[PDB]
Amino acid sequence: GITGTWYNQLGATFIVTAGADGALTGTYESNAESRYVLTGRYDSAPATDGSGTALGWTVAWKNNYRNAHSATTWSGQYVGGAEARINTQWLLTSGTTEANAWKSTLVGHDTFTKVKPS
Amino acid sequence: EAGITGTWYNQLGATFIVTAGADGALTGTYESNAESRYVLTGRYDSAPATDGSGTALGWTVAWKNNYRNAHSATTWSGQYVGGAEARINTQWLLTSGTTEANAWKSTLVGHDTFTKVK
Amino acid sequence: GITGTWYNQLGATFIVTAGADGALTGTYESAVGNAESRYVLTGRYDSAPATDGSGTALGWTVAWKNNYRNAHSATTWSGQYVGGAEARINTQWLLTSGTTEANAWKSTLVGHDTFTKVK
Amino acid sequence: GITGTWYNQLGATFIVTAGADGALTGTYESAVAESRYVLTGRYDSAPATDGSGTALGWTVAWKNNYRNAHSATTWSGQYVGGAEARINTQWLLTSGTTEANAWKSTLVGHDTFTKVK
């Protein structure tokens with residue numbers, strides 16, 4: 001299932017818990033210095049025709065050591081299987097002035113698995 | 001104060017009801033009637049820069065409630081811009097649960113803007 | 001309907017021609033209008049849209065190199081033209097910058113632009 | 001290093017020429033003959049020589065003489081050279097829609113192409 005410790009293709013660590021009511025809660029680490037709170041939602045009653053499980057979550061990149069004045073949201077689906085994975089697309093929006101709002105948002109794609117790259 | 005807590009309306013008649021807590025959290029509901037209401041959660045920067053920049057945030061809605069399930073989730077990533085005409089400018093990703101064969105068509109992308117009045 | 005001069009919300013200027021079975025050509029520049037700010041674009045559109053009231057799908061690219069400047073990057077816009085009532089072109093875009101592999105995660109910006117034949 | 005034939009993992013093939021002027025022109029076959037479409041776009045014809053990749057983008061409108069999906073895809077990305085050359089992209093697919101359905105007009109995704117079939 002979704003609950004557990006996941007790693008993306010860059011070594012970041014996604015420690016998540018999926019609650020019964022549809023919640024996602026946890027920590028995202030890019031040690032404690034580099035660790036941040038997360039929260040999100042997931043479809044707690046997915047289709048039964050082979051489709052994956054829809055979900056999303058948010059990290060604001062502030063903690064007690066640093067603040068980058070930004071937030072990433074990941075939107076994706078869990079795909080169960082021999083090598084379970086969470087395939088996401090993400091949007092990183094930074095706090096900008098109006099003048100710089102056109103370049104406020106980065107987009108990318110993260111694949112999470114249970115194994116950490118070397 | 002952060003200025004985010006309250007009711008927000010988008011360009012299509014949707015209604016976003018949120019509370020911004022002291023620990024950086026966003027919680028609330030997103031709706032159109034009970035059949036159209038859904039839970040949300042997210043994060044925001046509680047210590048934004050003081051150089052005129054907006055306030056980074058993000059939130060997620062999974063499209064299941066007690067009355068229906070679209071096997072889908074939307075994440076909104078963006079920033080709060082205070083002032084007379086406060087607004088929250090976002091970009092969103094809607095991922096549907098799909099089979100892998102159909103995964104290429106799993107994610108819709110768009111943008112929404114929210115205001116305090118309709 | 002697509003052939004013409006369009007402007008986005010930030011005042012960029014898009015001069016485009018739609019050819020017989022689907023080509024888009026033209027140029028893209030800044031509202032300042034200096035030549036150092038002008039770039040080539042190319043793209044495609046649907047030359048036989050539906051007859052049910054739906055818009056016309058299209059897209060194009062600009063690489064941000066010209067004779068004066070090189071940002072080592074490129075934007076693509078994807079959208080639809082919808083006619084009558086004041087023609088509009090509603091788009092989403094992607095800007096990719098050349099990066100080392102180590103920085104590829106930060107290579108791409110996303111946004112949206114709406115163009116009208118009015119400034 | 002861009003000119004030639006590129007493949008994805010979905011059975012798509014495209015043949016492109018990277019012109020000395022920055023143009024990209026070619027054909028995109030969505031299914032390995034009634035499935036071929038024109039492609040055109042642009043790329044950075046003087047990239048850096050510091051390890052960075054080469055920026056590029058292209059479009060395909062899904063109409064040909066035999067069929068028409070009333071839609072178009074744009075890919076934005078970069079070429080990475082070397083023994084193991086790649087084109088790494090993000091893409092957007094927009095369909096023609098009525099305004100009532102415009103909220104659902106655009107799909108987003110990513111695709112990587114290689115020189116090895």
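Residues numbered from 1 in each chain as written, not as in the entry; some residues may be left out. Chains lettered and ligands numbered in written order. Heavy atoms only, no water.

Per the PDB record, this model was obtained through X-ray crystallography at a reported resolution of 1.53 Å.

In the nomenclature of the PDB entry, chain D is known as Streptavidin of Streptomyces avidinii. Its UniProt record gives chain D the following Function comment, quoted word for word: "The biological function of streptavidin is not known. Forms a strong non-covalent specific complex with biotin (one molecule of biotin per subunit of streptavidin)." What the UniProt record of chain D gives under Sequence similarities is the line "Belongs to the avidin/streptavidin family." (UniProt positions renumbered as here; feature names shortened; annotations may be inferred.)

The name the PDB entry gives chain C is Streptavidin, with Streptomyces avidinii as the organism. UniProt, in the comment section headed Function, describes chain C in these words: "The biological function of streptavidin is not known. Forms a strong non-covalent specific complex with biotin (one molecule of biotin per subunit of streptavidin)." Quoted verbatim from the Subunit heading of the UniProt record, the comment on chain C is "Homotetramer."

Engineer: Looking at this structure, I do not really get the overall build of chain C. What am I missing?
Structural biologist: Within chain C one finds 0 helices and 8 strands. Whereas a compact globule of 119 residues would reach a radius of gyration of roughly 14 Å, chain C reaches 15 Å, a difference of no more than 12%. For chain C, with 119 residues in total, the buried portion stands at 51%. Of the contacts made within chain C by residues no fewer than 6 positions apart, 36% connect residues no fewer than 24 positions apart. Surface summary for chain C: the accessible area is close to 5,100 Å², and the carbon and sulfur share equals 54%. Averaging the locations of the 8 positively and 8 negatively charged side chains of chain C gives two centres separated by 9 Å. (Helix = DSSP H or I, 4+ residues; strand = E, 2+ residues; numbered from the N terminus. Rg over C-alpha atoms; globule rule 2.2 N^0.38 Å. Buried < 20%, exposed > 50% of the residue type's maximum accessible area, 1.4 Å probe, protein only. Contact = heavy atoms within 4.5 Å. Areas by Shrake-Rupley, 256 points an atom, 1.4 Å probe, with all protein chains shown as cover. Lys, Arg positive; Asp, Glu negative; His and termini not counted. Charge placed at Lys NZ, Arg CZ, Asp CG, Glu CD.)

Engineer: It is not clear to me how the UniProt feature "binding site: biotin" in chain C should be interpreted in this structure. Could you clarify?
Structural biologist: All names here are of chain C. Mapped onto this structure's residue numbering, the UniProt feature "binding site: biotin" falls at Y28, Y39, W77, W93 and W105. Of the residues just listed, which span 78 residues, the most distant C-alpha pair is 26.9 Å apart, and they do not cluster in one region. Secondary-structure assignment places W93 in strand β7 (residues 88-97). Judged by relative accessible area, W93 falls into the buried class, the value being 6%. Looking at the secondary structure, you find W105 in the loop between β7 and β8 (108-116).

Engineer: What's the story with the pairing of strand β1 (residues 6-9) of chain B in this structure? I'm lost.
Structural biologist: Along a regular strand, successive side chains alternate from one face of the sheet to the other. All names here are of chain B. In terms of strand pairing, β1 meets strand β2 (residues 15-20) through 4 bridges, oriented antiparallel. Within β2, the residue paired with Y9 across the bridge is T15. Taking the residues between adjacent antiparallel strands as the criterion, β1 and β2 are bridged by 5 residues, where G13 takes a positive phi near 95°. (Pairing = 2+ DSSP bridges.)

Engineer: Would you explain the interface of chain C and chain D in this entry?
Structural biologist: Put simply, an interface is often sized by how much accessible area is lost when its parts join up. Taken together, the contact pairs 44 residues of chain C with 44 residues of chain D. Buried surface at the junction of chain C and chain D, summed over both partners, amounts to about 3,100 Å²; 57% is from carbon and sulfur atoms. Linking chain C to chain D there are 1 salt bridge. Here D:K63 and C:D21 are joined by a salt bridge, their closest N and O atoms 3.4 Å apart. At the surface where chain C touches chain D, the tally comes to 22 residue pairs in polar contact. Here the side of chain C that touches chain D is built from residues that sort into 16 nonpolar, 22 polar and 6 charged. (Buried area = accessible area lost by both parts, 1.4 Å probe. Salt bridge = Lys/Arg side-chain N within 4 Å of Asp/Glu carboxyl O. Polar contact = N/O pair within 3.5 Å; in protein donor to acceptor, adjacent residues only side chain to side chain. Nonpolar A, V, L, I, M, F, W, Y, C, P; charged D, E, K, R; others polar.)

Engineer: Explain the UniProt feature "binding site: biotin" in chain D to me, please; I cannot follow it from the model alone.
Structural biologist: Residue and element names in this part refer to chain D. UniProt records the feature "binding site: biotin" at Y28, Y37, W75, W91 and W103, using the numbering of this structure. For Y28, the location among the structural elements is in strand β3 (residues 23-29). Look at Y28 and you get buried, because its relative accessible area is 5%. Exposure remark for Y37: the relative accessible area of 9% places this residue in the buried category.

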